[PDB]
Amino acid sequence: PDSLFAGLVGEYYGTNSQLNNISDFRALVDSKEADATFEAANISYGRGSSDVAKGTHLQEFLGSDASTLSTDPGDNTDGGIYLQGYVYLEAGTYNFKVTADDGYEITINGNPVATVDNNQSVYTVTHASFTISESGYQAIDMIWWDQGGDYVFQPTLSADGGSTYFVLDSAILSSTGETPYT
């Protein structure tokens, strides 16, 4: 049975090799069991300095969500997160606006909707719009990583053409696609 909570299923992975792009982080995910799991219920992380994978920086980055960590990982030079689950969205047009260091990829219903396939200092990107054809829980996954240095990850979403944006949080996230009452 899978835990039902108002969030995405989160996995953290650290490494002492360099993460340069999405494929490097995906290879890390596929190489081993997660160094820690957590519930990603408020997806607005960072900003911090001196490497996400060192010391208590992951805890600081994840903020409130860190109370659901399965373990406190040891030190690594590089690290990142893989999130997967569901997000309630009505039919319509949407776009992400993401502040991040380093890169990331967000996919909904199997289609990339926000991608930065490289390392970067903290930048905000307003991504192109996409459509949701039918209201309900949509499948979503996210990758983000830190190659070292500073780290931040805040992928906000707009339903009104970029006039207002919201964080993905427990109001609309579901780990399994069933309605959470938590």
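Residue indices: 1-based, along the sequence shown.
If you average the C-alpha B-factors over 98-106 and over 85-93, the higher value belongs to 85-93. A summary of the deposited B-factors shows that, of 8-16 and 155-163, the stretch with the larger mean C-alpha value is 155-163. In the PDB entry, the Cα temperature factor peaks, among 124, 59, 147, 44, at 124. Of the residues listed, 143, 113, 36, 53, the entry assigns the biggest Cα temperature factor to 113. Ranked by Cα temperature factor within the chain, residue 170 sits in the middle third according to the deposited record. Remark: residue 132 belongs to the highest third of its chain, ranked by C-alpha B-factor as recorded.
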